[PDB]
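What follows is a single structure, written as structure tokens, with notes after it.
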Amino acid sequence: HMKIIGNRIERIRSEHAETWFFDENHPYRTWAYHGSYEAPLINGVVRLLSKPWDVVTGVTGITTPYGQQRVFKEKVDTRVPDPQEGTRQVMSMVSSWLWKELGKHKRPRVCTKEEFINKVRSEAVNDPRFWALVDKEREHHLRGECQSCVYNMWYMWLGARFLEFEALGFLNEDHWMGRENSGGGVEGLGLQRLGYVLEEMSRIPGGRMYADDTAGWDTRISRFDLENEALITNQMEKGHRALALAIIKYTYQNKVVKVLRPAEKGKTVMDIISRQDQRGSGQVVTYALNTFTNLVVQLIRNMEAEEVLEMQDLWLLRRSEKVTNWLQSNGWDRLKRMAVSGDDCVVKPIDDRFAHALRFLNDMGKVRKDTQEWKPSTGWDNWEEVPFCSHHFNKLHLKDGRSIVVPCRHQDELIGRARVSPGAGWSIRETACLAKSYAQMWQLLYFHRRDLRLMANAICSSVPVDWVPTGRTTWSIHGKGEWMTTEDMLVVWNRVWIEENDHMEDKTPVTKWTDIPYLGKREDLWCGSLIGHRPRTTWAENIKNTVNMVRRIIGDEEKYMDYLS
Ligand SMILES: [Zn+2]
Ligand SMILES: [Zn+2]
């Protein structure tokens, strides 16, 4: 490990030699500590148009070394015992099988510089020097060394991210975890489709639907998980394999991290730590690898439930042919009984033995959130109540009687995130264009929420019609950004929910917003609506005044549209 992280530690120790020191009283328990050195937000438009939520802490409650240290000590400075050898044998077998299924109709490839550039443009990438540094680190990797692939507690230098993209980006670009290729994956599906996936699963004969969340998934990715994820390199030709093995072994299996920590009299230090497991969040293929390993975990849980695996198999896997047979016979059926998106999963097992199939799950360190370790899981009878990707999904009916299945979540989080501006010296223009992005996203996905349809229409009425939406409104890969457009949102709504919606049999267009339904009031309120409560009523009654205010701020000379009418 030390020989692997060596030149990175040296490269930092020398960039910072005059302030470099070793803190004997550092707080790191499960990370290797190597030394330290000395170290150095509201969207106004949305806020002006969402006054009732100024006093809603669920909304308003949404950098400092003092915080990073706290979250590090409680979340990341932890360790889990190794799984037993039999458990590890099962993990390796299932991983090998799954990789071979995923690669049956797809071949790994190197992703290109121009792919990365084009993906970025949707100008460090248009400096030759950047690519000189990149080529440089690359030849280091090809020689068997790493100088500069270091995490900031988990952001990374754009060059390192390009090398990762080059070696493993194919998993994303060629949709290895798409539902067609993986059975249980959902990569490429939007929030406008996931609900249909859950409904489909609800129809499969079997037990309840289970959606257990793992407590701190990324922190419970083991070195064995990483080794099993690395098995994809066996499907690569040798050069590609060299690049990928470099990325995995020097960046995944042996990571170096810089993290901030408070010092004396307002001063700040940077600590350099390292370890050999856990997932570095926010890497290029973090999502794909999380999806992979979660699929493996659920397959194993099903095998325990169905009594293919027994207690004795934890210590040492006796006859492994039973595992191979179960995978070849039932593997794909079980995969199609899953919806897995990174660390999130829903499973429809063949019966409810799944609920108490916990031995391998717990031995793998994948302990369930908010539950006693050996308390059986509780599943759902009603697919519309199942949590998945921070949402639940409801069937609603258009005025003409056709049904749609829509994404829903507690409203406070949506409004709270829309109020956040990532910039600083952000003009009214960038602020307004971001507000417009949120509004149009709500029009596409959360139109069925009264407060959000109203607020979105006010925002869209307060921003010049020709201003193009900018910024990002979600980190979920299932928010596909169809709303990032100046195209009319009813047209976009039709394309998303009718035209290109395979679960919409009748392709008759919807020609007005009033034909598009809300949740029932009970449901709207349950999920955080303020309909009926006085500040919200006042807000709605005054909304045109407020819109005119924002218009006067941005400029009365601009062209505005009335989406409130
Ligand atoms: Zn490197
Ligand atoms: Zn809801």
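When we count neighbours, we look across all protein chains shown, and the Cβ atoms used for this are built from the backbone with ideal geometry, even at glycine. Since every read-out is calculated from the coordinates, none of them should be taken as a lab result.
Residues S377, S281, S14, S122 in ascending order of nearby Cβ atoms (within 10 Å, fewest first): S122, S14, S281, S377.
The alpha-carbon of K73 sits under 19 angstrom from the alpha-carbons of these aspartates and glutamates, leaving out residues fewer than 8 places away in its chain: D23, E24, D218, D271, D277. Between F21 and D400, what FRET efficiency follows from the Cβ-Cβ distance if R0 is 51 Å, with the result rounded to 0.05? E between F21 and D400, to the nearest 0.05, is 0.10.
Counting beta carbons within 10 Å around each of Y151, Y37 and listing the fewest first gives the order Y37, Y151.
Our estimate of slack between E321 and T485, defined as 0.36 nm per intervening residue step minus the Cα-Cα distance, is 53.6 nm. Each label point was placed 7 Å from the Cα along the Cα-to-Cβ direction; for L158 and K51 their separation is 4.3 nm.
Could you check what % of the DSSP bridge pairs in the chain are antiparallel, to the nearest 5? Roughly 90 percent of the beta bridges in the chain run antiparallel, per DSSP.
Phi-derived couplings, Karplus 6.51 cos²θ - 1.76 cosθ + 1.60 at θ = phi - 60°, listed residue by residue for the stretch 82-91: 4, x, 5, 5, x, 3, 5, 5, 4, 4 Hz, with x used for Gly and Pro. In a simple Cβ point-charge model (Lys, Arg +1; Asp, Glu -1; nothing else charged), the chain has a dipole of about 500 debye relative to its Cα centre.
Exceedance of the 28 Å cut-off in Cα-Cα distance is limited, within the set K113/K436; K136/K258; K113/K249; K75/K375; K106/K369, to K113/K436; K106/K369. Can you list the trypsin sites (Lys or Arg not before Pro) in the stretch 476-565 that are in a DSSP coil and have 16 or fewer other beta carbons within 10 angstrom? Sparse-neighbourhood loop trypsin sites (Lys or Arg not before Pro): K507, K512, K559.
Restricting the GluC sites (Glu not before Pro) of the stretch 259-331 to loop positions (DSSP other than H, G, I, E, B) with no more than 16 neighbouring Cβ atoms within 10 Å leaves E307, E310. Once the Cα-Cα distance is subtracted from the 0.36 nm per residue extended length, the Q312 to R522 segment shows a gain of 70.6 nm. For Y196, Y66, the sequence from fewest to most other C-beta atoms within 10 Å is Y66, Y196. Within the same chain, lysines fewer than 8 places from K395 are excluded, and of the rest, those with a Cα less than 22 Å from its Cα are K336, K348, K480, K507, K512, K521. Expressed in Å, the radius of gyration and Dmax of the Cα atoms of the stretch 126-206 are 19.1, 58.
Distances over 21 Å make up what percent of all Cα-Cα pairs in the stretch 68-132? Pairs farther apart than 21 Å: 66 percent.
Once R0 is set to 25 Å, what does the formula 1/(1 + (r/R0)^6) return for the Cβ-Cβ distance between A424 and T78, expressed as a FRET efficiency to the nearest 0.05? About 0.15, to the nearest 0.05. In straight-distance terms, cross-link reach from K51 covers every one of the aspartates and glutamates whose alpha-carbon lies under 18 Å from its own, apart from those fewer than eight places away in the same chain; here that gives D412, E413, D451, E541.
A straight line joining the Cα centroids of the stretch 356-373 and the stretch 75-147 runs 28 Å. Restricting the chymotrypsin sites (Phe, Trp or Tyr not before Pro) of the stretch 471-512 to loop positions (DSSP other than H, G, I, E, B) with no more than 13 neighbouring Cβ atoms within 10 Å leaves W475. Dimensions of the chain based on its C-alpha atoms, expressed as ranges along the principal axes with the largest first, amount to 67, 64, 44 Å.
Using alpha-carbon positions, what is the distance between the centroids of the stretch 214-261 and the stretch 419-454, in Å? After rounding, the separation between the Cα centres reads 37 Å. Over the stretch 105-173, the ratio between the Cα radius of gyration and 2.2 N^0.38 Å evaluates to 1.14. Eigen-decomposition of the gyration tensor built on the alpha-carbon atoms of the stretch 1-140 gives equivalent ellipsoid semi-axes of 34, 30, 27 angstrom, largest listed first.
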